[PDB]
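Student: Take a look at the following structure, please.
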Amino acid sequence: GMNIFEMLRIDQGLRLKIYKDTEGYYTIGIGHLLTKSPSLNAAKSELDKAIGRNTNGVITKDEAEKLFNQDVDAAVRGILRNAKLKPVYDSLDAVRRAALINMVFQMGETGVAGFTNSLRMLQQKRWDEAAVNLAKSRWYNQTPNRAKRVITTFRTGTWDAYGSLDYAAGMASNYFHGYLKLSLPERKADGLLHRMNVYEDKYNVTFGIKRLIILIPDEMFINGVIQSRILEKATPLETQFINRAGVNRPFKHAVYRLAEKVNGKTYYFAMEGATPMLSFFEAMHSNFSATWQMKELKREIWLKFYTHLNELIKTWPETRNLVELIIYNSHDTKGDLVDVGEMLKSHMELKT
Amino acid sequence: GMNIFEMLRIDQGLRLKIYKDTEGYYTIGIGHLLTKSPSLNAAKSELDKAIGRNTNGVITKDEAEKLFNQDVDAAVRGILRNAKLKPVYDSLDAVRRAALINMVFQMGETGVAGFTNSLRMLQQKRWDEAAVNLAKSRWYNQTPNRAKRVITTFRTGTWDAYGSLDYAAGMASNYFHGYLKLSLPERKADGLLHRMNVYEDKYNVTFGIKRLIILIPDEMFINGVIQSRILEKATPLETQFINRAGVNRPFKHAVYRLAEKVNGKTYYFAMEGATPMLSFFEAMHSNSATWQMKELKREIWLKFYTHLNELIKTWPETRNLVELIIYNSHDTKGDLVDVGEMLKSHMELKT
Ligand SMILES: Nc1nc2c(ncn2[C@@H]2O[C@@H]3COP(=O)(O)O[C@@H]4[C@H](O)[C@@H](COP(=O)(O)O[C@H]3[C@H]2O)O[C@H]4n2cnc3c(N)ncnc32)c(=O)[nH]1
C-alpha cells in the first residue's frame, strides 16, 4: 500500500546508487547522508559499513528501505527532544506525523521549527488555517509540488495528495480519468445529464436519481449479469462518441427500471457494476486459488478502490454530483444474496 | 512493490491478532511463534517483548513486517550455518534467495536440505533444469499452488508469480482480462480477425499487420490523437458488443492507412494507444515534472509494457493477436516521432 517510505520516495526520490545532495555531500537512498568528505571511496566505506557488505556504490531497494526507516527512527528521536516540535508531534495523527517527518527530511529540524505559526495551528487541529499559511511560505515557492502534498496530508489526514501509485488507487484513477470524468460531465452539448434528459423526454420516464450508479459488491455478479427480482434492463442511454487514444470511442451507459411502482411512479436508473473490480476479480481468479489469504487481500483492494474512487469524485467539481457509489456485501447477514433492485427501491422510498 | 514479505503474505498469510497454529501454539504475524505455553497472557507478554509496547494481542502491519524481517534474518543465519544450504544460497541472487527462504518457512531447514539434486542446479545456475526437478518432489504434491510460484521464482528470478497486485502489472492485468483477452479472441463467429476479414472484403483493402497494434509512447498523444505525416484515419472496424457487468459494452477499433503506397499497395492498420498509460499520464499531470516523478513515470511505463507483453504471449487466445509498440515520443534530436514511419519501415522490411 502507501506508507512513509512511498511518500518520501515521491517527494525526495530514491537512488540505489551513490549521489550528491544539494550541498555536494555524498548520499544514497532517500536522503541518507554517507559522509561530508569529497572522497568517493570514503563514501563507499561508510556505505559498506552501514549495510554490512561491499556494495561498491549500488544497493538493493530492500537495503534502501532498511536505511530509510533508521533515519525515520533517528528523526523522531530529535523531534521528541526538540521543545519547539514535540508538542505539535504528540497531538498529530500518524499520517500527519508522517507528513511532519516529511518536511523534517527536506529542510531540517531548524527549518521546520521556523514555521512557528503553522505548527501552532496544526497543534490546535485548525487544518484549514495552517493549510493556507504554508501556501504563503517560501518553502512553497521553492518547491510548489512538495508543499501541496504535505499540506493536504495535514489537512485531510489521508494519502490522497500522492495520487494513484498502488494497485487499488490506480484502478480508481483509470476508472475516473478514462470514463467518469471523461464522459459524464457536460462538454459541448453532450454529457450524462443531457443524455438522461433526452432519455426521459423520449420515453416519458423518470430517473429515480440523475446520477450514474456504480455497484461495488464484494463478489462479482452471478452469471455476469445484474440479478434482481424487481429490476429489469431497459434501453440504454444514447451512445456518446469521444475521441480517446486515437479512436472515436463509443461510451454507453446501461439503464434499468423497477418493475414495481414506487409512490405511483416507475423509476429508471443509469447504473453499472464497478467493472474494474470485475477485471480485478477475473485476474485474481486466474492467478490464485481463493485461499483465506487472497480473500483478505481482495477485500483490502476492494475497500481501497472505493475510498480512492469516492475521493476523486468528490474533489473534482465536474463529477461531484454525477456519480453514486454503492458499496455493499453481496450477501446479507442471513446469507441470502442482496437484491440491488430492493436496494434501489428502498433508496427511493427513504426520500419520497 | 513485491518483496519477501509480500510474498509470504501471499503464500503463508498475515494475521494482526494473536492466533493458534496447526499445533495449538500461539502465533502472530506471518507464522511468528510466540510461545508454547497455553497461557494467552503469556503470549501477550511475549508479544509485548518482541514489539516493544502493550499490544495486548493486536499489532499493526508495520510491526508485523518488522517482526517478519527479524524472522528472515534468523532464517538466513541458519541457512549460512548449514553446509548443505550455504553454497547454493551464496550463489543465488536476492530474488531467488527469497524463494529458498520461502521453502525454509514452509518445511524447515532440514526439509529444504533434502533437495540435493535441486539445490545443485540452482547453485550451477541451471534454472530450467532446477524448475523441472523441483516439480517432481512431494512438496509439489502437498502444496502445488505455493510450489509453482516458488519454482517460477527459481526459474525466472523475478516476482512475476506474485507481483500481479502491483500498479503497472495490475493495470496490465485489467487491460488484458477486461479488454484484450475479453474482446480480441474469436467467440463463436465474432472477434478481431473476423472483423478484419469483413473489413478487407467490404472495402477491398489489405491490412499490413493482422493484429491490433497498441502504441505505448512515453508521453501522451498530442491533442489526444495519433499525429503522423504518412498515416491517415480510415473507416473504423465494425463495433463488437459484449455484455460486461450489466452493460452491453461496445468495443470499437480505429483503422489507419498509409498515405503513400508501399510497392503499389496501401496498407491498413487497426491500432490505438494504451488507455491505461493515458489515464496514468493524466493522473501524474494532475498531482510537477520533477526528476523524482520522471523516473517513476518511466518505471511504471516500462513495467506496464513488460507484464502486458508477458500476459499476451502466455495465453494462446491472444498470443498472435496484439502488436505492442513501446517507443520514446521524441528522438535524440528532440523532434517528434512519426508513428507512421515506424509502420512504413515495418512494412518495407519483408515486402
Ligand atoms: N458502462 C460503460 N463503462 C465504461 C466504458 N468505458 C470504460 N468504462 C469503464 O472505464 C474503465 C477504464 O477503461 P479505459 O478505457 O480507460 O482502460 C480500460 C481498462 O484499463 C481495462 C479494463 O476495462 P474495465 O475493467 O471494464 O475499466 C473501464 C470501464 O470500467 O481495459 C481498458 N479498456 C476497456 N475497454 C476498452 C476499450 N474499448 N478500448 C480501450 N481500452 C479499454 C463504456 O463505454 N461504457
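Ordered as shown in the C-alpha cells, chains take letters A, B, and onward, while each chain numbers its residues from 1 and ligands are numbered from 1 in the order shown.
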Only residues of chain B matter here; which ones have an atom within 7 Å of chain A, counting only C-alpha atoms? Give them as a ChimeraX atom specification.

Tutor: /B:10,13,165-167,170,173-174,177-178,224-226,245-247,249-250,252-254,272-273,275-276,279-280,283,287-288,292-293

Student: Which one is closest to ligand 1: B:3, B:142, B:345, B:240? Count only C-alpha atoms and all ligand atoms.

Tutor: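 Comparing B:3, B:142, B:345, B:240 against ligand 1, the winner is B:240.
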
Student: When DSSP works through the backbone of this structure, what residues of segment 295-338 of chain B end up as alpha helix (DSSP H), shown as a PyMOL selection string?

Tutor: chain B and resi 295-314

Student: Between A:155, A:195, A:345, A:181, which residue has the minimum interatomic distance to residue 313 of chain A, considering only C-alpha atoms?

Tutor: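 Closest to residue 313 of chain A, using only C-alpha atoms: A:181.
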